[PDB]
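Step one of this worksheet: look at the structure below.
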Amino acid sequence: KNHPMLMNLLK
Amino acid sequence: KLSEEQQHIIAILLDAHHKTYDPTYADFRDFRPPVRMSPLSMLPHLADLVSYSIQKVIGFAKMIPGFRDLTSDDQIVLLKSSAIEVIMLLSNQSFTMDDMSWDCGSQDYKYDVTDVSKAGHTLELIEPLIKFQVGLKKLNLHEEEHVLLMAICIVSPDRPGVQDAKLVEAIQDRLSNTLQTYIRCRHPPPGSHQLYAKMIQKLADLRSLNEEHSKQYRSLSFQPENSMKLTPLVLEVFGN
Ligand SMILES: CCC(O)(CC)CS[C@@H](C)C1=CC[C@H]2/C(=C/C=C3C[C@@H](O)C(=CCO)[C@H](O)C3)CCC[C@]12C
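First to last, the sequence lines map onto chains C and A.
Following the deposited numbering, the numbering of the first sequence begins with 625 at its first residue and continues without gaps.
Positions 123 to 159, 218 to 420 (the deposited numbering) are the ones given, in order, by the second sequence.
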């Protein structure tokens with residue numbers, strides 16, 4: 625949630 | 123007494139670690155150069229090191245059995261709060277008690293207390309950080325134990341912002357039970373003596389280091405001039 629880079633790295 | 127499932131968990135975590143930690147340090151050349159002389221001369225370099233390491237930690241965490249069943253929100257929460265702790269754990273591999281420094285292959289990339297000081301930190305953090313590295317070294321953990329401890333660190337139920345605390349705990353408990361059984365069946369005495377309890381104490385130690393690190397980070401990143409020398413990933417995960 626407002627962690628674009630973190631979320632993208634986790635996908 | 124180690125079930126097929128528990129032996130599978132260990133092999134997965136060992137591989138995950140081998141694929142995400144580089145003991146050859148081949149990439150350190152990609153980082154902004156270390157500067158030793218000094219108003220935060222080591223911050224760009226160690227910021228890059230940390231940012232690089234956060235990416236490694238995320239890659240490890242995705243391979244922890246069960247981790248991917250959590251909400252996106254909860255995976256994010258667990259990585260945000262654990263990342264610095266896991267990097268501190270990871271760093272024990274390059275830490276040497278020969279001189280109480282993190283020795284990464286060469287002189288340029290050998291970090292001591294003064295280098296960490298030149299990244300904006302005080303003895304309030306650095307002293308207990310060194311003491312931590314020493315206590316962890318003294319446990320002489322099996323690599324099996326090391327990777328289990330990292331996975332247990334990441335999947336903690338009491339992390340701030342955790343939604344499905346129930347599910348996080350079941351994930352962790354399966355890992356904890358794997359670790360406890362591993363030590364019993366696989367770690368010979370006297371090294372095994374109280375080893376589990378000792379390892380959990382290192383997680384409490386990590387919680388404390390996390391807390392002090394956050395304080396010094398907010399103080400560091402308080403002035404945009406310093407915040408400027410960090411990376412976008414560091415700003416996102418550690419806050420800003
Ligand atoms: C620059 C400020 C900041 O607070 C955050 C960006 C970090 S300073 C301090 C708190 C800190 C934590 C991890 C420590 C260290 C980590 C060392 C590593 C080397 C190696 O073991 C390694 C990977 C090799 O590929 C690890 O991922 C990281 C040792 C030096 C000091 C380091 C950086």
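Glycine included, each C-beta is placed from N, C-alpha and C at the ideal position.
Not one heavy atom of ligand 1 is found less than 6 angstroms from the C-beta of residue 310 (chain A). Residue pairing by DSSP places residue 275 (chain A) opposite A:282 in a beta bridge. For residue 290 (chain A), the three-state secondary structure derived from DSSP is strand. With fewer than three CB-CB distances shorter than 8 angstroms, the segment 341 to 361 of chain A does not count as touching the segment 285 to 302 of chain A. For residue 233 (chain A) and residue 363 (chain A), the gap between their C-alpha atoms comes out near 28 angstroms. For residue 256 (chain A), the residues of chain C that pass the 8 angstroms Cβ criterion are 625, 627, 630, 631, 634, in the order they occur in the chain.
For residue 371 (chain A), there is no enclosing alpha helix (DSSP H), as DSSP marks it with neither H nor E. Every alpha helix (DSSP H) stretch that sits fully inside the segment 322 to 356 of chain A and reaches 4 residues is listed by chain position as 323 to 334. CA-to-CA, the gap between residue 634 (chain C) and residue 146 (chain A) works out to about 25 angstroms. Within 6 angstroms of the C-beta of residue 138 (chain A) there is not a single heavy atom belonging to ligand 1.
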